[PDB]
């Protein structure tokens, strides 16, 4: 029944802004308190905003106050997070969650997450002086680096699969 689908994630510069959305279905949206919770690159879970069922109450942690805004559209069964004054600490997977009971604040359903990456532009300060020829050369050199990192991951997982496959074949 319960479905939560986040969107609006992507790259954003430090100081920029982004708006995340969560389309909810399979339950009566306006009867439930909703939250956003993020997972950092180090895999820590960090609560970032909560909004009460009717929208009257909103709560935030100190590190996010004055920068993020949580809201909901009752007519469209949608939850939003307006993110501003972005910092590197905000790079994370962002999840939309439902709270079952306001008297315990357990989060009984989670979406699939949408990814936000705060991308530093500091290299521009030297790159802006280069010729187009040399910038394209640098850009070209990134593709085989990425392909090599991806192939190494595929090989690592092949190594993990093979003993399981051999165990199955011995049956």
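Numbering follows the first chain given and starts at 1.
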| task | Quick one: say whether 60-68 or 109-117 has the higher mean Cα B-factor in the deposited entry. | result | 60-68
| field | 8-16 set against 149-157, stretch whose average Cα temperature factor tops the other in the entry | value | 8-16
| message | Checking the record values for 45, 141, 51, 127, which has the greatest CA B factor? | response | 141
| field | residue 75 by Cα B-factor - lowest, middle or highest third of the modelled chain | value | highest
| field | Third of chain Cα B-factors occupied by residue 86 | value | highest
